[PDB]
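*Asks:* After the structure tokens below, expect a handful of questions from me.
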Amino acid sequence: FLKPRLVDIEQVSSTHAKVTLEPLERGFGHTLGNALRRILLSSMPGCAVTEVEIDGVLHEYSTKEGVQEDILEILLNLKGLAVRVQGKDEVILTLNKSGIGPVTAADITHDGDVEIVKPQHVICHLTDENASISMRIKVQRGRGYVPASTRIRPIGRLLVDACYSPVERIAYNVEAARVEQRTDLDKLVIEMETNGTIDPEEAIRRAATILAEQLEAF
Amino acid sequence: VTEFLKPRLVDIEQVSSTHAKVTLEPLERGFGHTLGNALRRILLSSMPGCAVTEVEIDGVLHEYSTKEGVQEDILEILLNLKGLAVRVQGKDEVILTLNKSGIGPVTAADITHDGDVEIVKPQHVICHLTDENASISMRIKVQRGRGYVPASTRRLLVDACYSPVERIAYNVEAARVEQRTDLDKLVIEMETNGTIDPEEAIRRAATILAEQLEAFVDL
Amino acid sequence: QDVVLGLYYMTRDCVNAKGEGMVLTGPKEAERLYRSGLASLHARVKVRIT
Amino acid sequence: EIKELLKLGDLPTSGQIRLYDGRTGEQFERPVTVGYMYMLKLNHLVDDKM
Amino acid sequence: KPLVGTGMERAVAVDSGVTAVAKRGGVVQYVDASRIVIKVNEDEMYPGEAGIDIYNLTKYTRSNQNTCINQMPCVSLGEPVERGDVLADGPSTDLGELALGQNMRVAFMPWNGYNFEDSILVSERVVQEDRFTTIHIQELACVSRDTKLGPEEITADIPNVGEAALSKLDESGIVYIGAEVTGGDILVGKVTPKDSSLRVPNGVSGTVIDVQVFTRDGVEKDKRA
């Protein structure tokens with residue numbers, strides 16, 4: 001029984017990459033591909049915005065003078081934000097911005113071990129010469145999908161439906177491997193598409209570790 | 001964040017031997033199908049074992065033929081040899097002999113022992129004889145392999161059921177821990193040919209799967 | 001309207017298969033061959049059934 | 001015209017593509033119809049009826 | 001928007017009245033989340049009383065069927081707009097085009113009986129993306145009628161009830177605008193002359209977005225009013 005190894009990782013784009021596992025025995029390619037795909041799509045750790053506290057906003061069903069978008073749209077945009085806080089498991093971000101122009105995700109005054117992977121992510125559009133926003137964004141790590149209506153306080157805290165899942169689209173492919181003198185050896189190419197907040201090799205290793213831990217019962 | 005509900009084998013309750021039925025719970029949401037399908041795919045077509053590969057009977061040279069004094073057909077002889085579950089030691093392939101004469105059944109107990117080769121079901125009937133002059137002697141070749149190799153893929157050719165399993169079929173149903181809403185409950189049903197225990201085959205398949213995920217694991 | 005469609009697609013035959021001329025030793029062998037992908041669900045084989 | 005517009009992309013003209021099973025990882029043994037249908041949400045909500 | 005339409009979506013969107021359609025063409029001088037100001041062109045500007053025209057959008061408000069009708073702008077700052085083109089998308093409108101649903105990637109196949117007779121099997125991504133999540137604004141009224149044995153009050157002290165249910169109430173007995181009240185919480189604390197306070201109906205959460213107090217001329221006022 002030959003055992004696979006991570007022999008190639010092609011970072012084709014910023015977000016999506018293509019790892020390669022070889023050599024695989026006949027039949028093990030589809031088994032490993034499907035198991036790793038399901039584990040990656042179901043159980044990968046990620047960071048997501050959980051609670052937002054805008055300054056003059058009481059609830060998500062209101063509007064602020066100066067912005068072109070409702071507060072609910074701002075919460076949706078913050079839900080679609082990718083962040084890679086390194087060491088901690090909970091970080092309170094901060095955003096101050098004024099003047100006419102878009103409020104991009106680069107305007108977040110992130111600390112040292114917090115990395116915004118898509119600075120061009122538009123949050124809201126300020127449309128007034130003298131009008132500023134101030135939101136204390138909260139980011140914390142997790143797993144899976146946790147809606148705001150099921151977790152567990154003041155009248156200014158806006159809970160956001162958090163989606164702790166870096167991956168978006170996992171596709172595997174099984175094709176024949178080019179061994180020097182051997183046949184019936186496949187090659188797995190897990191083409192994964194994250195949002196940039198996780199390494200591909202780290203994701204594959206985490207999926208394999210989770211599968212091994214689940215097999216540890218017997 | 002990295003914690004998961006570790007399952008534990010609640011019961012390994014057994015129907016009549018080599019028909020164990022294992023159920024482990026509670027799995028995380030979606031892991032029941034992963035574990036069940038991976039274990040089933042490994043147990044089915046990737047498993048070391050020994051099975052009858054080819055057989056030469058002196059009185060025949062064609063699958064659609066017959067020998068006087070043989071109650072069954074050659075196809076039924078091949079079918080009986082397919083179900084001939086055997087266990088072979090370190091030798092990779094041996095040749096057994098089945099010289100037999102006289103009216104009566106031809107059981108697996110009339111095969112030459114040859115030492116290391118051992119039949120797990122000596123009561124397995126292979127042929128039936130109805131004539132005094134019916135002298136049947138075959139050279140059954142058993143070879144070590146993995147999974148199922150049909151005769152159509154590759155001097156009578158017999159399908160080789162190397163894997164000791166005979167029917168493996170999981171079933172994932174709903175289970176709940178004290179508060180959590182949706183979990184899984186893997187229920188594995190396996191029947192083997194008698195050369196291995198089903199609970200032993202489960203841990204064999206788990207070892208085989210776990211050895212694959214050892215070069216890219218976090219230790 | 002769905003179980004009948006499943007049982008009609010299952011219990012049906014076309015004149016070809018992944019393996020058609022093979023002769024099986026029982027229903028468990030047929031299920032093992034279908035699941036392992038070595039035989040189509042609409043083969044025309046000879047199974048030994050009690 | 002629908003088939004020509006399908007040809008304009010890279011999709012098959014028959015409208016049916018190949019789908020693999022999500023959990024078992026093996027293909028459905030027939031081309032299935034996949035496309036973007038405009039589903040609505042009628043306001044017969046279950047929590048307004050329980 | 002519907003990917004497959006008929007071309008009459010725009011006519012229904014414009015002619016229904018839910019979309020703030022520009023009266024005179026010009027240049028968007030200032031677009032806010034609650035208003036749009038159009039700098040009318042010199043061609044269409046009258047000699048007297050010319051000025052400009054302001055379109056005050058209708059934000060989150062309750063409709064007849066307890067749905068949420070809320071206009072939002074579909075134009076940008078300093079963008080030329082003509083006469084009779086949409087400026088604010090109404091409820092279920094996408095750039096002046098009647099859009100009553102979401103484009104769903106469907107597959108026609110039996111899936112283990114979960115679409116047995118007429119059922120639909122919906123992926124978890126659909127509820128993760130809040131595609132079919134809808135807002136349902138509903139009102140609750142607490143009329144205080146001066147019955148026998150004396151009139152009623154809306155004071156914030158409720159007998160036989162602890163302070164857990166009275167935490168969200170203010171000193172005037174009404175609930176704060178923005179409170180994330182659930183089923184069974186006190187909204188307006190009303191006491192009859194001997195507790196009949198207005199409570200959220202069971203099984204529905206929510207968020208108080210508006211409180212309106214109408215007082216009969218003769219009752220002085222309350223501090224929340």
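Labeling convention for the structure tokens: chains A, B, ... as they appear, residues from 1 per chain, ligands from 1 in order of appearance.
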Counting only C-alpha atoms, which residues of chain C come no farther than 10 Å from chain D, as a list in words?
*Replies:*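 Residues satisfying the distance criterion: residues 35, 37, 40 and 41 of chain C.
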*Asks:* For the residues in the current selection, export N, CA and C atoms as an mmCIF file, in the first residue's frame.
*Replies:*
```cif
data_model
loop_
_atom_site.group_PDB
_atom_site.id
_atom_site.type_symbol
_atom_site.label_atom_id
_atom_site.label_comp_id
_atom_site.auth_asym_id
_atom_site.auth_seq_id
_atom_site.Cartn_x
_atom_site.Cartn_y
_atom_site.Cartn_z
ATOM 1 N N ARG C 35 -22.232 -1.811 -5.983
ATOM 2 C CA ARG C 35 -21.629 -0.755 -5.176
ATOM 3 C C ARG C 35 -20.174 -0.523 -5.564
ATOM 4 N N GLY C 37 -19.032 -0.836 -8.462
ATOM 5 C CA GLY C 37 -18.987 -0.271 -9.794
ATOM 6 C C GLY C 37 -18.514 -1.207 -10.876
ATOM 7 N N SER C 40 -23.363 -2.959 -13.948
ATOM 8 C CA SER C 40 -24.486 -2.040 -14.009
ATOM 9 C C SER C 40 -25.705 -2.640 -13.320
ATOM 10 N N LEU C 41 -26.605 -1.763 -12.877
ATOM 11 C CA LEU C 41 -27.820 -2.208 -12.208
ATOM 12 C C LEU C 41 -28.788 -2.906 -13.155
#
```
*Asks:* Please report as a PyMOL selection string which residues of chain A come no farther than 12 Å from chain C, using only C-alpha atoms.
*Replies:* chain A and resi 27+30-31
*Asks:* Sorted by chain and rising residue number, which residues of chain D lie within 12 Å of chain B, and what are their closest atom pairs and distances in Å to one decimal, counting only C-alpha atoms, as a Markdown table?
*Replies:*
```
| residue | atom | partner | partner_atom | distance |
| --- | --- | --- | --- | --- |
| D:21 | CA | B:33 | CA | 11.6 |
| D:22 | CA | B:33 | CA | 9.9 |
| D:23 | CA | B:33 | CA | 6.2 |
| D:24 | CA | B:37 | CA | 6.0 |
| D:25 | CA | B:37 | CA | 8.6 |
| D:26 | CA | B:37 | CA | 10.3 |
```
*Asks:* Take the selection from the previous step and output its residues with N, CA and C atoms, as a PDB file, in the first residue's frame.
*Replies:*
```pdb
ATOM      1  N   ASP D  21     -22.889  12.673  -6.542  1.00  0.00           N
ATOM      2  CA  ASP D  21     -23.557  12.674  -5.250  1.00  0.00           C
ATOM      3  C   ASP D  21     -22.714  13.424  -4.229  1.00  0.00           C
ATOM      4  N   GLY D  22     -23.388  14.204  -3.382  1.00  0.00           N
ATOM      5  CA  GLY D  22     -22.676  15.027  -2.422  1.00  0.00           C
ATOM      6  C   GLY D  22     -21.966  14.234  -1.345  1.00  0.00           C
ATOM      7  N   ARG D  23     -22.585  13.158  -0.865  1.00  0.00           N
ATOM      8  CA  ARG D  23     -22.065  12.422   0.280  1.00  0.00           C
ATOM      9  C   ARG D  23     -21.306  11.158  -0.098  1.00  0.00           C
ATOM     10  N   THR D  24     -21.824  10.351  -1.018  1.00  0.00           N
ATOM     11  CA  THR D  24     -21.138   9.135  -1.433  1.00  0.00           C
ATOM     12  C   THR D  24     -20.063   9.392  -2.479  1.00  0.00           C
ATOM     13  N   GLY D  25     -20.047  10.575  -3.090  1.00  0.00           N
ATOM     14  CA  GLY D  25     -18.995  10.942  -4.013  1.00  0.00           C
ATOM     15  C   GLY D  25     -19.016  10.240  -5.351  1.00  0.00           C
ATOM     16  N   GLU D  26     -20.051   9.460  -5.647  1.00  0.00           N
ATOM     17  CA  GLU D  26     -20.161   8.752  -6.911  1.00  0.00           C
ATOM     18  C   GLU D  26     -21.279   9.356  -7.749  1.00  0.00           C
TER      19      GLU D  26
END
```
*Asks:* Output the contact residues of chain E with respect to chain D at a cut-off of 9 Å, based on only C-alpha atoms, as a PDB file with N, CA and C atoms, in the first residue's frame.
*Replies:*
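So out15.pdb came out as:
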```pdb
ATOM      1  N   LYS E   1     -33.061  40.171  -9.434  1.00  0.00           N
ATOM      2  CA  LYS E   1     -33.759  40.205 -10.712  1.00  0.00           C
ATOM      3  C   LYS E   1     -34.030  38.795 -11.219  1.00  0.00           C
ATOM      4  N   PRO E   2     -35.086  38.592 -12.005  1.00  0.00           N
ATOM      5  CA  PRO E   2     -35.262  37.299 -12.675  1.00  0.00           C
ATOM      6  C   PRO E   2     -34.381  37.225 -13.914  1.00  0.00           C
ATOM      7  N   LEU E   3     -33.575  36.165 -14.002  1.00  0.00           N
ATOM      8  CA  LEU E   3     -32.738  35.973 -15.182  1.00  0.00           C
ATOM      9  C   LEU E   3     -33.594  35.760 -16.423  1.00  0.00           C
ATOM     10  N   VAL E   4     -34.654  34.971 -16.297  1.00  0.00           N
ATOM     11  CA  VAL E   4     -35.609  34.776 -17.380  1.00  0.00           C
ATOM     12  C   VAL E   4     -36.855  35.585 -17.043  1.00  0.00           C
ATOM     13  N   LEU E 100     -39.466  39.500  -7.581  1.00  0.00           N
ATOM     14  CA  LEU E 100     -40.220  38.949  -6.463  1.00  0.00           C
ATOM     15  C   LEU E 100     -39.551  37.748  -5.812  1.00  0.00           C
ATOM     16  N   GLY E 101     -38.379  37.338  -6.283  1.00  0.00           N
ATOM     17  CA  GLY E 101     -37.724  36.167  -5.737  1.00  0.00           C
ATOM     18  C   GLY E 101     -36.230  36.157  -5.977  1.00  0.00           C
ATOM     19  N   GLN E 102     -35.617  34.982  -5.884  1.00  0.00           N
ATOM     20  CA  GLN E 102     -34.182  34.828  -6.066  1.00  0.00           C
ATOM     21  C   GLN E 102     -33.916  33.779  -7.133  1.00  0.00           C
ATOM     22  N   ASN E 103     -32.877  34.002  -7.933  1.00  0.00           N
ATOM     23  CA  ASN E 103     -32.488  33.034  -8.953  1.00  0.00           C
ATOM     24  C   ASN E 103     -31.809  31.848  -8.282  1.00  0.00           C
ATOM     25  N   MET E 104     -32.504  30.716  -8.234  1.00  0.00           N
ATOM     26  CA  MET E 104     -32.031  29.527  -7.544  1.00  0.00           C
ATOM     27  C   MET E 104     -31.542  28.492  -8.546  1.00  0.00           C
ATOM     28  N   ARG E 105     -30.375  27.919  -8.263  1.00  0.00           N
ATOM     29  CA  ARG E 105     -29.789  26.886  -9.114  1.00  0.00           C
ATOM     30  C   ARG E 105     -30.457  25.566  -8.759  1.00  0.00           C
ATOM     31  N   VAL E 106     -31.421  25.154  -9.574  1.00  0.00           N
ATOM     32  CA  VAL E 106     -32.232  23.986  -9.269  1.00  0.00           C
ATOM     33  C   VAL E 106     -31.685  22.768  -9.999  1.00  0.00           C
ATOM     34  N   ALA E 107     -32.015  21.592  -9.471  1.00  0.00           N
ATOM     35  CA  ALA E 107     -31.770  20.320 -10.131  1.00  0.00           C
ATOM     36  C   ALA E 107     -33.025  19.475 -10.012  1.00  0.00           C
ATOM     37  N   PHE E 108     -33.459  18.891 -11.123  1.00  0.00           N
ATOM     38  CA  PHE E 108     -34.653  18.051 -11.135  1.00  0.00           C
ATOM     39  C   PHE E 108     -34.215  16.602 -10.972  1.00  0.00           C
ATOM     40  N   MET E 109     -34.248  16.102  -9.740  1.00  0.00           N
ATOM     41  CA  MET E 109     -33.907  14.710  -9.484  1.00  0.00           C
ATOM     42  C   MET E 109     -34.475  14.261  -8.144  1.00  0.00           C
ATOM     43  N   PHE E 132     -33.611  34.143   1.087  1.00  0.00           N
ATOM     44  CA  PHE E 132     -35.046  34.128   1.319  1.00  0.00           C
ATOM     45  C   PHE E 132     -35.434  34.695   2.678  1.00  0.00           C
ATOM     46  N   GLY E 203     -43.633  32.975  20.764  1.00  0.00           N
ATOM     47  CA  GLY E 203     -43.028  32.354  19.605  1.00  0.00           C
ATOM     48  C   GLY E 203     -42.456  33.286  18.561  1.00  0.00           C
ATOM     49  N   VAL E 204     -42.496  34.600  18.769  1.00  0.00           N
ATOM     50  CA  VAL E 204     -41.923  35.553  17.824  1.00  0.00           C
ATOM     51  C   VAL E 204     -40.939  36.447  18.572  1.00  0.00           C
TER      52      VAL E 204
END
```
*Asks:* Report as a PyMOL selection string the set of chain A residues whose atoms approach chain B to within 10 Å, with distances computed over only C-alpha atoms.
*Replies:* chain A and resi 1-6+21+24-28+30-32+34-39+42-46+89+141-144+201-202+204-218
*Asks:* Compute the set of chain E residues within 9 Å of chain A, using only C-alpha atoms, and express it as a PyMOL selection string.
*Replies:* chain E and resi 30-34+59-60+72-73+76-77+128+176-180+205+207-209
*Asks:* Using DSSP secondary structure from the backbone, list all strand (DSSP E) positions within stretch 11-202 of chain A, as a ChimeraX atom specification.
*Replies:* /A:16-25,45-52,90-92,95-98,101-104,122-126,132-135,138-146,158-159,162-164,167-171,174-176,185-188,191-194
*Asks:* For chain C versus chain E, which residues have an atom no more than 9 Å away, and what is each residue's nearest atom pair and distance in Å rounded to one decimal, using only C-alpha atoms, chain-then-number order, as JSON lines?
*Replies:*
```
{"residue": "C:1", "atom": "CA", "partner": "E:117", "partner_atom": "CA", "distance": 7.6}
{"residue": "C:2", "atom": "CA", "partner": "E:116", "partner_atom": "CA", "distance": 6.4}
{"residue": "C:3", "atom": "CA", "partner": "E:113", "partner_atom": "CA", "distance": 8.3}
```
*Asks:* Can I get the selection written as an mmCIF file, in the first residue's frame, with N, CA, C and O atoms?
*Replies:*
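The resulting file, out05.cif, is shown below:
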```cif
data_model
loop_
_atom_site.group_PDB
_atom_site.id
_atom_site.type_symbol
_atom_site.label_atom_id
_atom_site.label_comp_id
_atom_site.auth_asym_id
_atom_site.auth_seq_id
_atom_site.Cartn_x
_atom_site.Cartn_y
_atom_site.Cartn_z
ATOM 1 N N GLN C 1 -45.077 7.151 -6.798
ATOM 2 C CA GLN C 1 -44.535 8.245 -7.601
ATOM 3 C C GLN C 1 -43.063 8.556 -7.352
ATOM 4 O O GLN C 1 -42.460 9.315 -8.114
ATOM 5 N N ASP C 2 -42.468 7.980 -6.333
ATOM 6 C CA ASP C 2 -41.012 8.003 -6.252
ATOM 7 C C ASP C 2 -40.430 6.638 -5.926
ATOM 8 O O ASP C 2 -39.418 6.241 -6.516
ATOM 9 N N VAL C 3 -41.065 5.893 -5.020
ATOM 10 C CA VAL C 3 -40.617 4.540 -4.719
ATOM 11 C C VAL C 3 -40.849 3.631 -5.912
ATOM 12 O O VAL C 3 -40.033 2.747 -6.197
#
```
*Asks:* Using only C-alpha atoms, which of C:32, C:20, C:6, C:14 sits nearest chain B?
*Replies:* C:32
*Asks:* Just list the residues in stretch 43-207 of chain E DSSP gives helix (DSSP H, G or I) on the backbone, as an mmCIF file with N, CA, C and O atoms, in the first residue's frame.
*Replies:*
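Ended up saving to selection08.cif:
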```cif
data_model
loop_
_atom_site.group_PDB
_atom_site.id
_atom_site.type_symbol
_atom_site.label_atom_id
_atom_site.label_comp_id
_atom_site.auth_asym_id
_atom_site.auth_seq_id
_atom_site.Cartn_x
_atom_site.Cartn_y
_atom_site.Cartn_z
ATOM 1 N N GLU E 124 -28.036 24.366 2.490
ATOM 2 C CA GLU E 124 -27.770 25.251 3.619
ATOM 3 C C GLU E 124 -27.168 26.577 3.180
ATOM 4 O O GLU E 124 -27.247 27.558 3.928
ATOM 5 N N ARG E 125 -26.574 26.634 1.987
ATOM 6 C CA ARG E 125 -26.030 27.892 1.490
ATOM 7 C C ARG E 125 -27.119 28.931 1.263
ATOM 8 O O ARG E 125 -26.864 30.129 1.422
ATOM 9 N N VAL E 126 -28.331 28.496 0.919
ATOM 10 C CA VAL E 126 -29.435 29.420 0.704
ATOM 11 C C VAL E 126 -29.816 30.140 1.988
ATOM 12 O O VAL E 126 -30.130 31.334 1.964
ATOM 13 N N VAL E 127 -29.803 29.445 3.123
ATOM 14 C CA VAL E 127 -30.111 30.103 4.384
ATOM 15 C C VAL E 127 -28.881 30.797 4.968
ATOM 16 O O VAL E 127 -29.019 31.732 5.762
ATOM 17 N N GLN E 128 -27.674 30.371 4.585
ATOM 18 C CA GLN E 128 -26.474 31.091 5.001
ATOM 19 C C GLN E 128 -26.399 32.460 4.339
ATOM 20 O O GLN E 128 -26.011 33.450 4.969
#
```
*Asks:* What residues in chain C have any atom no more than 9 Å from chain B when counting only C-alpha atoms, and can you write them as a list in words?
*Replies:* residues 19, 21, 22, 23, 24, 25, 28, 29, 31, 32, 33, 35, 36, 38 and 48 of chain C
*Asks:* Dump C-alpha atoms for the selected residues as a CSV table (one decimal), in the first residue's frame?
*Replies:*
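Below is the file that was written, part29.csv:
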```
chain,number,residue,atom,x,y,z
C,19,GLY,CA,-20.6,-7.0,-16.7
C,21,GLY,CA,-22.2,-12.6,-18.8
C,22,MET,CA,-21.0,-13.0,-15.3
C,23,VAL,CA,-22.8,-15.5,-13.0
C,24,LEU,CA,-23.1,-14.6,-9.3
C,25,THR,CA,-23.2,-16.6,-6.1
C,28,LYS,CA,-25.0,-10.1,-1.7
C,29,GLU,CA,-22.6,-10.6,-4.6
C,31,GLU,CA,-25.1,-5.7,-4.3
C,32,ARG,CA,-21.3,-5.8,-3.8
C,33,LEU,CA,-20.7,-5.7,-7.6
C,35,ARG,CA,-21.6,-0.8,-5.2
C,36,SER,CA,-18.1,-1.5,-6.3
C,38,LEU,CA,-18.1,-3.5,-11.6
C,48,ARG,CA,-28.1,-18.3,-7.1
```
*Asks:* Please indicate the distance in Å from atom CA of residue E:221 to atom CA of residue E:171, rounded to one decimal place.
*Replies:* 13.8 Å
